[PDB]
Protein chains: 2
Amino acid sequence: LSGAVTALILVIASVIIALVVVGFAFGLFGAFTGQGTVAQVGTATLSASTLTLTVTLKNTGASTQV
Amino acid sequence: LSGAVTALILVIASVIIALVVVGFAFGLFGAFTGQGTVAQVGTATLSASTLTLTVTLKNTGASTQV
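Residues numbered from 1 in each chain as written, not as in the entry; some residues may be left out. Chains lettered and ligands numbered in written order. Part of a larger assembly, values for the part shown. Heavy atoms only, no water.

## Re the interface of chain A and chain B
Right, so step 1: Across the boundary between the two partners, chain A contributes 13 residues, which contact 14 residues of chain B.
Right, so step 2: Taken together, chain A and chain B are joined by zero salt bridges.
Right, so step 3: The set of elements that each furnish at least two residues to the side of chain A that touches chain B consists of α1 (2–33) and β1 (38–40) of chain A.
Right, so step 4: Ranked by residue count, the leading element in the side of chain A that touches chain B is α1 of chain A, at six residues.
Right, so step 5: Of the residues that constitute the side of chain A that touches chain B, the class distribution is seven nonpolar, six polar and no charged. (Contact = heavy atoms within 4.5 Å. Salt bridge = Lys/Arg side-chain N within 4 Å of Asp/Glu carboxyl O. Helix = DSSP H or I, 4+ residues; strand = E, 2+ residues; numbered from the N terminus. Nonpolar A, V, L, I, M, F, W, Y, C, P; charged D, E, K, R; others polar.)

## Some details on helix α1 (residues 2–33) of chain B
Right, so step 1: Along its 32 residues, α1 of chain B runs 47 Å from first to last C-alpha, staying within 8% of the 46 Å computed at 1.5 Å per residue.
Right, so step 2: Within α1 of chain B, burial applies to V5, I12, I16, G23 and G27 of chain B.
Right, so step 3: Those residues of α1 of chain B hidden inside the fold are in contact with α1 and β1 of chain A. (Expected span 1.5 Å × (residues − 1). Buried < 20%, exposed > 50% of the residue type's maximum accessible area, 1.4 Å probe, protein only.)

## A closer look at the packing of aromatic side chains
Residues and elements named next belong to chain B.
Right, so step 1: Scanning the entire structure with this criterion turns up two aromatic pairs over all chains.
Right, so step 2: A ring pair is formed by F26 and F29, whose centres lie 6.2 Å apart and whose planes are at 70°; its orientation type is edge-to-face. Highlighted residues: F26 and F29, both in helix α1, separated by three residues, approximately one helical turn.
Right, so step 3: Judged by relative accessible area, which is 56%, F26 ranks as exposed.
Right, so step 4: Among the residues examined, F29 registers a relative accessible area of 59% and is labelled exposed. (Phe/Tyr/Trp six-rings, centres within 6.5 Å; stacked < 30°, edge-to-face > 60°.)

## Thoughts on unusual backbone geometry
Right, so step 1: Backbone geometry at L51 of chain A places phi at a positive 60°, although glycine is not the residue there.
Right, so step 2: Summarising the element assignment, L51 of chain A is placed in the loop between β2 (45–47) and β3 (52–54).

## Details of the packing of α1 of chain A against α1 of chain B
Right, so step 1: In the contact formed by α1 of chain A and α1 of chain B, the axes pass within 10 Å of each other and the chain directions differ by 5°. On the basis of the axis angle, α1 of chain A is roughly parallel to α1 of chain B. On α1 of chain B, the residues touching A25, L28, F29, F32 and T33 of chain A of α1 of chain A are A4, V5, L8, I9 and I12 of chain B.
Right, so step 2: Each residue belonging to the contact of α1 of chain A with α1 of chain B can be placed in one class, and the counts come to nine nonpolar, one polar and no charged. (Axes fitted to C-alpha atoms, helices over the stretch in contact; angles between N-to-C directions. Parallel < 35°, antiparallel > 145°, perpendicular 65-115°, else oblique.)

Keep in mind these values describe shape, not function.
The structure is reproduced here in structure tokens:
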């Protein structure tokens, strides 16, 4: 009688664990998609007297830092 | 299951990198176009007593130095 009890306990535990793993995978998807993609969309201007960089940047992801 | 996760991670990384490269290429275009083109538009006069050069220059790019 213990065999079937063990079988169902393991079945439900395995289902819980598999659902956890799948949720983590889809979270990884959503997190890597919106991670932050920064590129340049036009020439920069480097003032050499004051050493100041004026650059136009395009960022279609999360708000990152420099 | 890890295979598809790796595939999407690499796909998004590759897209970000390719966009960076393309932005850099177009920035190079814009930068080399307006780099500064200086030529002469008339005869110069070289005063030999004072050694002074009076020259008419045409510059259709960035403000350079001599």
